[PDB]
Structure formats: C-alpha cells, structure tokens
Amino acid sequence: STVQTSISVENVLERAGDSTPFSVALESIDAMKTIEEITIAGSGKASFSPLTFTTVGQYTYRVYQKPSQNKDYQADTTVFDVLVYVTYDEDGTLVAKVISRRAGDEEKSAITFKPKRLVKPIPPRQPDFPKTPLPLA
C-alpha cells in the first residue's frame, strides 16, 4: 500500500507580471540529499514532483529558495521545515499529513518566498498612443 504527496510552495514578486525565474529546492534531512529543484517564472504556486511513501513513519525535509540567478534580485533566505507523517487513518487507510513551518518557528506556515528587487526596474519603452478618447478641449 502506498500514498503520495505534493509539497506546494508560493513565490511572490512585488510587481505583477514580473516573470523573472526563481528556483526552489526540496531536501531530505533523513537522507541529507537534495531531492529536487523546481523553477517558477515570476509569481505563482508550484508543487514539487510527488513523493511516494510505501511505509508508515515520519519523514523530514526542508525547502528553501536558491540564490537569484538574476542579480537584480535578492532571493528570500527563509528556510522551511517540512514534516511528512505517514500513518493510517480511522478507517485503516494509508494517509500522509504534511506540516510546514519557518525554521525556528513553532506555528505552522505555508511555504512562501518573496524575492526583493535591489535595483530600479529597467525603463519601459515609450507607451503607444492612447486608445481611449482624449479629454475634450
């Protein structure tokens, strides 16, 4: 019997429509290995590939954001601890319960990163002529 779980994260950029890519890594503390890295273009939600568990137990991970490839931004350095508990529910069904927290925090928290832009945005090109009626003279 087996159960699967998708660990989900959010990347939040300060400007909507900013599509700068950032990468997030999932590491297993039990194995001391990186399991996977995923890349998110701009702001969005993202899941790592599903983890499959075949035996009951507690499995420990952490999730963090890699250094920003685009040097105009500072990646969020927050690290999240992620615990996956695999057991049976009241009907005897194999289930996986996932709990995430900021490292050092007691309270649970969704895994969220907020990279910050360190340099002024590149200037937009001159806008097109107006497409709406100009004010009456």
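The numbering used is simple: start at 1 and walk along the sequence shown.
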{"query": "Stretch with the higher entry mean CA B-factor, where the candidates are 120-128 and 21-29", "finding": "120-128"}
{"query": "Between the two ranges 56-64 and 69-77, the one averaging a larger CA B factor in the entry", "finding": "69-77"}
{"query": "Top residue by Cα temperature factor, when 39, 34, 93, 47 are compared in the entry", "finding": "93"}
{"query": "Residue 16 - which third its CA temperature factor falls in, relative to the rest of the chain", "finding": "highest"}
{"query": "Lowest, middle or highest third - CA B-factor, residue 3", "finding": "middle"}
{"query": "Ranked C-alpha temperature factor of residue 110 among modelled chain residues, by third", "finding": "middle"}
{"query": "Residue 84 by Cα B-factor - lowest, middle or highest third of the modelled chain", "finding": "lowest"}
{"query": "Residue 51 CA temperature factor, ranked by third within the chain", "finding": "lowest"}
